[PDB]
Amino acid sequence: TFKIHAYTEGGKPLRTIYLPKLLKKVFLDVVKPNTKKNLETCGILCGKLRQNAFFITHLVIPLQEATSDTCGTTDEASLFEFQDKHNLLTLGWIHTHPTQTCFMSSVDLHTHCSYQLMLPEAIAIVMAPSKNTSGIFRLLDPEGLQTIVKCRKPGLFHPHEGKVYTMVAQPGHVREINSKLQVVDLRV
């Protein structure tokens, strides 16, 4: 089996996620028409659990509502049906900041909380192509998760107090390898 090389702030194990080296570049290429119009796009990181590690095998672009600051999924039935038919786990998500810097926004933090509650290893990849930067983030666990779970603040740009999120350990939590990737587009 693959061994544990990363632990949460609460001392709980994080299984390795193997990320295809091509994924970030290919994602940017797929969503480039939106990026050029200053519109965010997201993709879902999908894959399999094998010998105590996760492997991202599919990049799935879901039905979603593009704006300059958000890219929430709309009708998830097709996403759920695709993952069901292909026996794929949700391992995280990737999205663009077409013109801004690389960080997790207020909405990104609320979005990611549900991913990371479902799977402690879940990751949020953020691409900032106009800056040529990217990052892979997670919430602090338990503290950051607690903060977002409890948050009832109004406004979609509202700030949060304290240390809420961090970059993931690489290669301890996420490791990049030369693996295959299927790109699936569920949009019209």
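Counting begins at 1, following the sequence as shown.
For the two regions 69-77 and 91-99, the entry's Cα B-factors average higher over 69-77. The stretch 159-167 shows the higher mean C-alpha B-factor when 23-31 is compared against 159-167 in the entry. Residue 141: CA B factor in the middle third of modelled residues in this chain (values from the PDB entry). In this PDB entry, residue 45 carries a Cα temperature factor that places it within the lowest third of its chain's modelled residues. Among the modelled residues of its chain, residue 122 has a C-alpha B-factor that falls in the lowest third, as given in the PDB entry. Sorting the modelled residues of the chain by their CA temperature factor places residue 184 in the lowest third. Residue 56: CA B factor lies in the lowest third for its chain, per the PDB record.
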